[PDB]
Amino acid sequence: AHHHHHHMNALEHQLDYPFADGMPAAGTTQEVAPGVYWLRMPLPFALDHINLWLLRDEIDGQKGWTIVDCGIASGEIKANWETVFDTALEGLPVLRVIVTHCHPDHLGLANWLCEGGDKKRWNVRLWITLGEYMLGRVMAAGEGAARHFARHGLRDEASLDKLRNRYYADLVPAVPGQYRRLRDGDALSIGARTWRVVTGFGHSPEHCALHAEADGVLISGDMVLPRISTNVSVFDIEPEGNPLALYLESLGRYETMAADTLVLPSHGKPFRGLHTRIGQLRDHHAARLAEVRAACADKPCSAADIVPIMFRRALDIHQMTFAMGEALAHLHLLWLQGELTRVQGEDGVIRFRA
């Protein structure tokens, strides 16, 4: 996420933070609900942290801990995990590792945690959805990205070269060779609770949020974040994708949850106002779509044309191509519902017009 950048929530004051600005220091935990503990790991990106969750649990008579998400494979996060093992687990083992999705800050240390950390203290199973596991395996093991961004309006030969000669493998250095499949609707028994798998689309293949309906707690992964937008992007591998339509449809899964649901997001702070935040995200994308409509009404626009309208800030070449993926997702939503016509110019650039 070094070149990743996000849209900040100016309506944060409409959410409620039950712990205010309290946050667990590195290597320590903070109880956010009975048997649910919050870990905060540093990240070296603009997004400077990820929240991970430790759930008190008992499987087959053995008391211990279920981990949700892992961090990137950095020396600093590994050291913080080791401190946690030694001082914050009450001397009890990890029983299993659940990963919400394959992005590196969530999947990176799965293999290392499954195999017991530096001292190999246990040997446990990774639980994850099939789509996230398989894409993780594909990416864990370029020139296609450059052809992609070129046909969407990036024409500077020097910039295209910087993409050609290009991360995931350094942050996710191994992915477990075995997994336990999570599927939408699965009931997980974790400690005193049943957590249900709520799958989400448009951000990643098959994103797993975990919902404890009786106590009203939601582990939202990256699908609902209080301070930032969720990345929704069209990529070279699925060049006609409609991820924004999938994402906006997916947000309906949370609008039927309780209005007082405690949301545990992967970035930001635990919060209430789930429905408020969903409304803010819907409003945000409606405003971005209106800008795309307005621009395409006056001339055929490429994704590169849309970036400086959608992102009112300076971007380097790497941030530009990341923004281009999100611009293209908004173009594709309008295109595929019949509001734009897609034309590949004789210059090879794909553009969209009213």
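When you see a residue number, it is the position in the sequence shown, counting from 1.
Asks: Per the record, how many residues of the deposited chain fall between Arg166 and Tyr167 without being modelled: none, 1 to 3, 4 to 9, or 10 or more?
Replies: Per the deposited record, the segment joining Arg166 and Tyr167 lacks coordinates for 1 to 3 residues.
Asks: Note how many residues of the deposited chain are left out of the model between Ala141 and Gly142; the options are none, 1 to 3, 4 to 9, and 10 or more.
Replies: The entry leaves 4 to 9 residues without coordinates here.
Asks: Mean Cα B factor from the PDB record: higher for 199-207, or higher for 77-85?
Replies: The stretch with the larger average C-alpha B-factor is 77-85.
Asks: Which is higher in the entry, the mean Cα B factor of 284-292 or that of 32-40?
Replies: Higher of the two, by average CA B-factor, is 32-40.
Asks: Comparing recorded Cα B-factors across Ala146, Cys114, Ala245, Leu225, which one is largest?
Replies: By C-alpha B-factor in the record, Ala146 ranks first.
Asks: If you check the C-alpha B-factor for each of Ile219, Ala158, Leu135, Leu188 in the entry, which is highest?
Replies: Largest recorded C-alpha B-factor: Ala158.
Asks: Give the position of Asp316 by CA B-factor within its chain, expressed as the lowest, middle or highest third.
Replies: Its C-alpha B-factor belongs to the highest third of this chain's values.
Asks: Lowest, middle or highest third of the chain for the C-alpha temperature factor of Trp122?
Replies: Middle third.
Asks: Please say which third, lowest, middle or highest, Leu336 falls into when its CA temperature factor is compared across its chain.
Replies: According to the entry, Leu336 has a C-alpha B-factor in the chain's middle third.
Asks: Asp69: which third of its chain by C-alpha temperature factor?
Replies: Tercile = lowest for this residue's CA B-factor.
Asks: For the chain shown, is the CA B-factor of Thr256 in the lowest, middle or highest third of its modelled residues?
Replies: For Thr256, whose C-alpha B-factor we compare with every modelled residue in the chain, the answer is the highest third.
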